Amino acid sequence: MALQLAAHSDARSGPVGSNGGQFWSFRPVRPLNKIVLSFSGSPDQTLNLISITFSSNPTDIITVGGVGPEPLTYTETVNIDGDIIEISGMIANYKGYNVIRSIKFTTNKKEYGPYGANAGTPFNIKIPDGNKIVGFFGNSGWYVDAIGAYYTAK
């Protein structure tokens, strides 16, 4: 007595960047409210993006990249106001791997970034008008190798 009412999966945009050790995915039920970027290096010189931590209130969270031995030295915290609708950045070599090196998040009312080392090959994830980004997925290893987003209407 159980009708098979097909369950849905959100549209995807990307991934951009490069193949990495592990596929990762994080689409939480509630909106993303915070993104922490972790780096090695320093702002006065060059920041090396190593991992990204995505979270949604009150406790959903995931960290991708950062599984290597390099110690972190800096972090940038992005407090998301509203729905993300676009992301951009640069891809370039880091210790033998082409990785996400800088990232910028854009919502309906504000832009955050770009943060990191903004040099390299640009990437841009954009979605249809009237849609929102509701999660991210990609590949990662010691660093963040590729990134894509889940999106849906309204």
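A residue's number is simply how far along the shown sequence it sits, counting from 1.
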| query | finding |
| --- | --- |
| Greater mean Cα temperature factor according to the PDB record, 34 to 42 or 107 to 115 | 107 to 115 |
| Stretch exceeding the other in mean C-alpha B-factor - 24 to 32, 94 to 102 | 94 to 102 |
| Third of the chain, ranked by Cα B-factor, where residue 65 sits | lowest |
| Third of chain Cα B-factors occupied by residue 59 | highest |
| Chain thirds of CA B-factor: placement of residue 52 | lowest |
| Residue 3 - which third its CA temperature factor falls in, relative to the rest of the chain | highest |
